[PDB]
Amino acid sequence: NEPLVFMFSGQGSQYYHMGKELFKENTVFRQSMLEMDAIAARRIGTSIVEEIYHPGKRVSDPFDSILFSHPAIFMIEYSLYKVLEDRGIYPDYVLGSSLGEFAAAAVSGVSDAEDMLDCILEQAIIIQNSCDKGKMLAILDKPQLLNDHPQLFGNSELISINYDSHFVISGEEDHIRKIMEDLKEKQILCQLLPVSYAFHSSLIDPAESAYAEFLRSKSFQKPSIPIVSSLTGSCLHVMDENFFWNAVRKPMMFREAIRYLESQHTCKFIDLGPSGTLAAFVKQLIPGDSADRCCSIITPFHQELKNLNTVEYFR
């Protein structure tokens, strides 16, 4: 019947204590986290898992330390994929967005989890050593505002339009805070994402050459599981050299990715990213009555096990 799309979100969807119910009550998930945590701890110096589940942090504290959040998103997503795999729920497509394209690539077979995690760690390290900090801002309003009132958003770059009432911009800290001030005087609602770098913008360009060089030391396979990419807006069969850089540097075309899938099939969408961000977007992008073709798992309601039971009816 209709294919299962596993979707992976990127920077800005992470939060403290994400997936704690699975880390404690699901052996496949916990073992996968622990295995990757040992790899990551070597390169960072400390445990990622102990930062994700930091008992002094709440969900509402921004998890914006790039050395921890970059690997944390991948580890969370790949471990949940193992959970689904263990339960015999297999993807017909993977769909990555931002850093989620790494998890998509790893699940596809482009690289194994250990190498992908390494690529993510190096990117985080290189960005931290080379780039000024910055911010990413969600605008809870119409992207048409970018055309009618471009001055409102000066000194920022559009990184994503997610549906007809949600887009995201990226820029320097003070520039973004001034846009926020200006939006408030226009009654335009916005929300800072929990990141400390203007990802998907030219303000991480200082990291490019170092990361390009690092990528030349790696070898990747062709996709095995079909990939749909937010970076390209379509199916991805052949990957160029800079894909894993553009996964963090280029703007997203998530709506084009979903449109492409919906043109071919009536898919079921499973958001394997923290917060269920992509599932929320997809529900806005597909006919209302089709909202039960879409579900998420890891959300701050910490109901991952109930949600995995829901996923079983997609089988």
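Each residue number is its position in the shown sequence, starting from 1.
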property	result
241-249 set against 159-167, stretch whose average Cα temperature factor tops the other in the entry	241-249
Mean C-alpha B-factor comparison - 150-158 and 137-145, higher one	150-158
Residue, from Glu101, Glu77, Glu181, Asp112, that the PDB entry assigns the highest Cα B-factor	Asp112
Per the PDB entry, maximal CA B factor within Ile44, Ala257, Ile270, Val282	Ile44
Among modelled residues of the same chain, the CA temperature factor third for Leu34	highest
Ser201, C-alpha B-factor rank within chain (lowest, middle or highest third)	middle
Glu262 CA temperature factor, ranked by third within the chain	middle
Relative C-alpha B-factor of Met7, binned into the chain's lowest, middle or highest third	lowest
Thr299 - which third its CA temperature factor falls in, relative to the rest of the chain	lowest
